[PDB]
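What follows is the content of start.tsv, which has TSV, C-alpha atoms and all ligand atoms:
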chain	number	residue	atom	x	y	z
A	7	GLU	CA	97.45	16.48	71.26
A	8	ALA	CA	96.60	15.37	67.70
A	9	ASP	CA	93.79	17.17	65.86
A	10	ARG	CA	91.80	14.68	63.75
A	11	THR	CA	88.82	16.98	63.11
A	12	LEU	CA	87.84	18.48	59.76
A	13	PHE	CA	85.46	21.39	59.27
A	14	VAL	CA	83.43	21.10	56.06
A	15	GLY	CA	81.05	23.84	54.94
A	16	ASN	CA	78.70	24.93	52.16
A	17	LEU	CA	76.78	21.68	52.55
A	18	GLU	CA	73.54	21.42	50.64
A	19	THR	CA	70.49	21.05	52.86
A	20	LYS	CA	69.91	17.37	51.95
A	21	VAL	CA	73.43	16.32	53.06
A	22	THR	CA	73.25	14.03	56.11
A	23	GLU	CA	75.70	12.83	58.74
A	24	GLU	CA	75.60	9.30	57.31
A	25	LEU	CA	76.24	10.68	53.82
A	26	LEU	CA	79.38	12.52	54.91
A	27	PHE	CA	80.50	9.47	56.87
A	28	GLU	CA	80.46	7.30	53.75
A	29	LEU	CA	82.07	10.02	51.64
A	30	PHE	CA	84.97	10.81	53.96
A	31	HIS	CA	85.35	7.10	54.72
A	32	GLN	CA	87.00	7.00	51.27
A	33	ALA	CA	89.82	9.24	52.54
A	34	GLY	CA	90.31	7.29	55.77
A	35	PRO	CA	88.56	5.57	58.66
A	36	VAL	CA	86.01	7.98	60.09
A	37	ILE	CA	84.90	7.86	63.72
A	38	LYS	CA	81.90	10.16	63.59
A	39	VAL	CA	80.34	13.02	61.65
A	40	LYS	CA	78.34	15.65	63.51
A	41	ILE	CA	76.20	18.39	61.98
A	42	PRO	CA	75.55	20.97	64.73
A	43	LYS	CA	72.13	22.42	65.48
A	44	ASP	CA	70.73	25.95	65.51
A	45	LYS	CA	68.86	27.84	68.24
A	46	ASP	CA	65.61	26.23	67.01
A	47	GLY	CA	67.16	22.81	66.45
A	48	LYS	CA	67.84	23.49	62.77
A	49	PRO	CA	70.87	21.70	61.28
A	50	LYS	CA	73.68	24.04	60.36
A	51	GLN	CA	75.19	24.23	56.89
A	52	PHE	CA	78.53	22.76	58.07
A	53	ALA	CA	79.75	19.56	59.73
A	54	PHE	CA	82.63	18.21	61.80
A	55	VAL	CA	84.33	15.07	60.46
A	56	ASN	CA	86.46	13.32	63.07
A	57	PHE	CA	89.03	10.87	61.74
A	58	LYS	CA	90.68	7.99	63.57
A	59	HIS	CA	94.16	9.29	62.64
A	60	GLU	CA	95.51	12.80	62.06
A	61	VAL	CA	97.10	11.81	58.73
A	62	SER	CA	93.62	11.32	57.25
A	63	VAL	CA	92.96	15.07	57.54
A	64	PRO	CA	95.43	16.44	54.92
A	65	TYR	CA	94.61	13.58	52.54
A	66	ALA	CA	90.86	14.23	52.71
A	67	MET	CA	91.58	17.88	51.98
A	68	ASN	CA	93.17	17.08	48.63
A	69	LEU	CA	90.85	14.22	47.71
A	70	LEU	CA	87.48	15.70	48.63
A	71	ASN	CA	87.65	19.52	48.64
A	72	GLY	CA	85.28	21.11	46.15
A	73	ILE	CA	83.34	17.92	45.42
A	74	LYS	CA	79.76	18.77	44.55
A	75	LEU	CA	77.09	17.19	46.74
A	76	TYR	CA	73.60	17.77	45.32
A	77	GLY	CA	75.06	20.50	43.13
A	78	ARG	CA	76.89	22.31	45.96
A	79	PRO	CA	80.71	22.13	46.14
A	80	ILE	CA	81.81	21.36	49.68
A	81	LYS	CA	84.41	23.67	51.21
A	82	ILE	CA	86.92	22.02	53.53
A	83	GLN	CA	88.53	24.92	55.32
A	84	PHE	CA	90.22	22.87	58.03
B	286	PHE	CA	88.43	-0.63	52.58
B	287	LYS	CA	87.21	-0.83	48.98
B	288	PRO	CA	88.12	2.42	47.16
B	289	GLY	CA	85.60	3.91	44.74
B	290	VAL	CA	82.84	1.53	45.90
B	291	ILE	CA	79.91	3.67	47.07
B	292	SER	CA	76.23	3.27	47.94
B	293	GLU	CA	73.34	4.30	45.72
B	294	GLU	CA	72.52	7.19	48.06
B	295	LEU	CA	76.03	8.60	47.63
B	296	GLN	CA	75.95	8.05	43.86
B	297	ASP	CA	72.82	10.18	43.61
B	298	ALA	CA	74.49	12.79	45.81
B	299	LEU	CA	77.62	12.77	43.64
B	300	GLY	CA	75.50	12.82	40.49
B	301	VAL	CA	77.11	9.65	39.12
B	302	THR	CA	75.23	8.31	36.11
B	303	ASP	CA	77.07	4.99	35.64
B	304	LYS	CA	77.63	2.75	38.66
B	305	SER	CA	80.49	0.82	37.04
B	306	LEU	CA	82.65	3.97	36.86
B	307	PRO	CA	84.61	4.02	40.13
B	308	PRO	CA	84.72	7.50	41.66
B	309	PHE	CA	87.80	8.83	43.49
B	310	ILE	CA	90.08	5.98	42.31
B	311	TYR	CA	91.74	8.02	39.54
B	312	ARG	CA	93.07	10.66	41.95
B	313	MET	CA	93.93	8.17	44.72
B	314	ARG	CA	96.30	6.63	42.18
B	315	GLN	CA	98.01	10.04	42.02
B	316	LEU	CA	97.83	10.99	45.69
B	317	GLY	CA	98.85	7.48	46.75
B	318	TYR	CA	97.17	5.03	49.04
B	319	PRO	CA	95.26	6.87	51.80
B	320	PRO	CA	97.62	6.78	54.79
B	321	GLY	CA	94.81	6.47	57.32
B	322	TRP	CA	93.83	3.08	55.87
B	323	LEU	CA	97.35	1.65	56.07
B	324	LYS	CA	96.97	1.74	59.86
A	401	BR	BR	87.79	12.58	42.41
Since I need it in another form, could you write the structure as structure tokens?
Ligand SMILES: [Br-]
Amino acid sequence: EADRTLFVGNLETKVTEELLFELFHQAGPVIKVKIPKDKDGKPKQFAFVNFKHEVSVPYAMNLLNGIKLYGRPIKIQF
Amino acid sequence: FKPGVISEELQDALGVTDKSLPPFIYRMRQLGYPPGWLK
């Protein structure tokens, strides 16, 4: 009943799941980061960050929104 | 949990020139200790 998932968009193409893991690990313990695939297996330009605890979600919003990764500011809409 | 300690891959992604400058610690001091690390 607790939603511990963040949606993060506008990722630059070089951003990886391990990269986001380490980055959002600063805001709180991260369980997994998934970057979904396209119809041809292409990685999408957004990712799902799943935290261990719900409280990590609002904190990560303030700490990490707009941070530039490879010149592209991430957009945390969740 | 060591705040502002990051790998070289992340430093290049963040564009950090100087590795001794801790990133994210300045604002954590304002926001407070990340609640998800307390538990
Ligand atoms: Br910062």
| request: Excluding range 314-317 of chain B and any residue of its chain fewer than 5 positions from it, enumerate the residues within 9 Å of it, using all atoms listed in the file, and give them as number ranges by chain. | output: A: 65, 68-69; B: 309
How would the residues just chosen look if you wrote them out with C-alpha atoms as a PDB file, in the coordinates of the input?
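Below is the file out_3.pdb, written as the result:
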ATOM      1  CA  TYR A  65      94.610  13.580  52.540  1.00  0.00           C
ATOM      2  CA  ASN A  68      93.170  17.080  48.630  1.00  0.00           C
ATOM      3  CA  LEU A  69      90.850  14.220  47.710  1.00  0.00           C
TER       4      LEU A  69
ATOM      5  CA  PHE B 309      87.800   8.830  43.490  1.00  0.00           C
TER       6      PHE B 309
END
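Rounded to one decimal, CA of residue 57 in chain A and CA of residue 306 in chain B lie 26.6 Å from each other.
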| Protein and nucleic acid residues within 8 Å of ligand BR 401 (chain A) (all atoms listed in the file) as a PyMOL selection string | (chain A and resi 69-70+73) or (chain B and resi 308-313)
Each side padded by 8 Å, which centre and which edge lengths in Å (one decimal) define the axis-aligned box around the listed atoms of range 302-318 of chain B? Give them as AutoDock Vina command-line options.
--center_x 87.0 --center_y 5.9 --center_z 42.3 --size_x 39.6 --size_y 26.2 --size_z 29.4
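The list of residues within 8 Å of (74.7, 11.6, 51.5), counted using only C-alpha atoms, is residues 20, 21, 22, 23, 24, 25, 26, 28, 29 and 75 of chain A; 294, 295 and 298 of chain B.
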| request: Figure out the distance between CA of residue 62 in chain A and CA of residue 7 in chain A, please, to one decimal in Å. | output: 15.4 Å
